[PDB]
Every structure is written in structure tokens, then in C-alpha cells.
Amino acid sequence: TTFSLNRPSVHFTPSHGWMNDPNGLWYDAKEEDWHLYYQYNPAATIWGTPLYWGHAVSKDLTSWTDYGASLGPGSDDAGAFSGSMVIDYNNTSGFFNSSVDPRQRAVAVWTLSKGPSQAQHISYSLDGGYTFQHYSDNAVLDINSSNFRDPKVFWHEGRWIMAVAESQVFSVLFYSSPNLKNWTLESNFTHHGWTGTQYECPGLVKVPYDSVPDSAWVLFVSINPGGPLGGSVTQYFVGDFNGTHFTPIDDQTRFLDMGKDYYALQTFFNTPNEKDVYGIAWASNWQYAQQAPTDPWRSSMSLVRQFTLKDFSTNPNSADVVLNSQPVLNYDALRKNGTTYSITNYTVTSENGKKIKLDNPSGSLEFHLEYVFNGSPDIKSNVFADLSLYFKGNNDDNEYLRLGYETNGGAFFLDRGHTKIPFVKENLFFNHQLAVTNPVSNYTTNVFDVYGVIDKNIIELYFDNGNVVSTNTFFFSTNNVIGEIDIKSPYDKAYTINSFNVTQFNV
């Protein structure tokens, strides 16, 4: 009842220490292992030097083995700031004698921050990405810059292309290299979208496109500080990449996530089928991430997501384009081992009150919800006319997430202030109220689809099969856990729930 010592079970967290950004994401196809590195301060639960890349491995992006610090700066003064991994199949670096399986030639491209210089180094691994050896005595790219970070490198066919943030000038620099050693400047993408205070963590990616062409390039650009809710946010651009220059199709601003706690998204260098685009993000915000009431670890990661470009618009009378997000979890094992509750053709009304009590609550559930607004004569514009689901919890049912929809605001809401944890009341950037403008799925029926995941301190809401997504953290009291889901509305028969599956995860 001062800290919130409930730890996620399907979002990766460090065993201990401060975790702050996904790094070196790659997939080892011989061992069938997913590798997730992260910025890590092992000494404490706030950002500090020396900063390493923590390292964790998963068979299924659901269960993580955290091996702790792996890649390091080389002195207490410095940081192994963010960066990426690549698989040098053809041995362009020349680091790899025949004895290293081509599928495991992991080379890491990363920012050294020391004093006033941020410059990019490379370090190859000769043990499948568990330890690393620094290439030479020096960096491979130094521009006498203090803000020069977050290299994300891919193979373009062919050369290596690097995207780096010259953060303070709002620039993604693009650099090419034959061998990962000699880098030459190629184009300077600058002053696009929502600029905030800095550009951080760029990553350029080719993404499938389910039309109604085959693919499209996408540039991710993270922003901190200066995001529209406060602090950090992640935006993206849709366009094409000519080998040197990135050209956005349009002049639109697009956020990946409409919640306050989603930042520093990075994509896996590779996936098993070599087409799908997966990526993960740090699940917090820089305004309050180091004061989060968790111990002995601090930051959490989001779920992995699959990104595909879809034709979509926010109303039925126009045409636009949007990055759909589908969640990647091991749902076979999670749903087999877990207990499901459900509702159908339920017209919400005070007389027929309905609720779901969860047997042996675990704090980790998913749900699909399908609802419609029937309207009522008694609803008009000067009343709050909401369909609320209170996710109440087992030991203190005064701590709850309140989530739902209201006509007169035409939107979905998340209330995350109802908790005894002091932090949520004391830190004034942890907003109680969050909103998302969720489209219907079918404009002749006006059916709303929400799919959500709850894991102890974090909730992710995917609207309209993943066209809109909102990720936020909550903090219940310790060992308080969601055990009752309660359905309410002050207007009888005003709403109707077609479908409402819950599935508690037993973990």
C-alpha cells in the first residue's frame, strides 16, 4: 500500500535494476531463440552510468530468461546507449571465420555516450549474442556531436543502411556502408511530423500492405520530451525509400500508440518467416518512469506487435492508410492453461445486473468486447451516458480500472486513478483520465470491437482489430489483483453487449 509490488507475467521486466529501451532485437533461427536487449542500469532502479545492454531470450515472446548485463561502455563514465543488431550472413565485416554459423553472425551497432561525445561503435558476438567484442580501438562514426544516437541498421539490396538520430536538430541521418566500418552520409531527413524536443530512436522498415501495391516503407521516430500528452511518444511516417532518401507519401502525423506509456519502439532485425514485421516498445513515459512505484525493477516492456499497413480511415466517407498492430503472444498455451468466462446478447440494464467473478484471480487477463449503442429517449447531450466495465480487484475492490465508452464524447475512456498507491496521486503527469477515439468496425451495424490485455500494472487496448492502440500502466496495491469485472450503465437498455469473453491467464 505504498509500492505496487505486482510484477507483470507476460510483459518482460528486468529481474532487478532500471530498464529503459529495447535494443539489439534479433532472431536466432538455428536455436529458434528471440533476443531482446535493453538499456539497463543494474546498480539501481533509476537511470545511471555505467549503462549496459541487458539481455534476455525467449522461445515464444511470452516467457523471458533475463541474463542481465552483456554489452558495456568500457568505463564508469560512459553509456552503451541505444542501438541495434544485424546478421552479417555474407561476413561483410569480416569478423567471422567459417566456424560461426551464418545465422548467428550477430553484429551490434550502438551509441557510446561519454562526456560530451555520442558516437557509433560496432561490436560482434562470436557466441550467438551472449558476449561481445569491440571492433577496433575507436568508433566507426563520430561527427563531434553531443546528440548523435540510436543507430538502426538494415541490409538494403547491396549495402548496409543506418538510420541515426541527430536528435537536437530533429534529423534522422541515413548512412551507407559496405562493411559496417566505413560509413558515408547519404541523406538528412529533418523537421517532419510531431517534432517535440528531440528525435530519438529512428528505425526504417519495409512493411506488408493489405490493400482493398504489396509493401510500403515506414520510418519510426520516437519523441522525448515534448509529446502531446507530455513526455515521450512514438510517431511514424508512411512512404518510400529510394536507396538514399526517405520520401513520405503525405504530410500527416501518425502516432503508433494513443496511450501515455509507449516509447522507443524497435523492430526485430529478422523474424522466422522473413516477411512479418515485429517490434516491441518500452512501456513507460520519461516524465514519471523513474518514480514508478515498483521494486526491485522499474521499467516494463510492451507486448511484441505485428505491424501491417492497412487501408483505413477514421470515418466512412474517406480513404487513408494506417499501421495496424496485432499482438504477438503464445495464445495456444496461454488459453489452454487458462479459464474463460463469457456473455452474449446482453442488453445492459440496472434490473438485469451482470458481472464476472474470476476464479483464483491471477492479475493477467485478456478480453474481447463487442458492443453497440442502441440509444434511449432519455439520453441527450447534457448527461454522461456511459457503458462502463469496472475491473475491480480481489483484496480491495476500491482499486479498479474503469474502462468503457460514452456517446456524448463519442469515445472510449480509461480511468486509472482509483488506487491507494500514493504515486498515482502525487505525480501530476500520471494522468488519471485517458481517451481514445475508437472507430466502429462496420458502419451499417455500428459495432465496436475492443480487445484488451491486463498484466498486473499494464493494460493495452486494441480497437478495431488493431487500427487504434492505447497502452498505459496502472498500479494496484501489492497483491491486489483484478478478480471481478462489473458491467454498468445509468441508462437501461441504452447499450447492448453482443459478446464479452474474458480469459484469465494462469501464470
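Numbers follow the displayed sequence, beginning with 1.
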item: Continuity check for residue 157 and residue 158, given as deposited residues lacking coordinates between them; value: 4 to 9
item: Segment of higher mean CA temperature factor, 461-469 or 477-485; value: 477-485
item: 131-139 set against 264-272, stretch whose average Cα temperature factor tops the other in the entry; value: 131-139
item: Residue of maximum C-alpha B factor among 285, 325, 215, 315, per deposited coordinates; value: 215
item: Peak C-alpha temperature factor (PDB record), options 412, 278, 220, 96; value: 96
item: Residue 423 CA temperature factor, ranked by third within the chain; value: lowest
item: Third of the chain's Cα B-factor distribution that residue 126 belongs to, per the entry; value: highest
item: Ranked C-alpha temperature factor of residue 433 among modelled chain residues, by third; value: lowest
item: Chain third (lowest, middle, highest) by recorded CA B-factor, residue given as residue 18; value: lowest
item: B-factor third for the C-alpha atom of residue 44 within its chain; value: highest
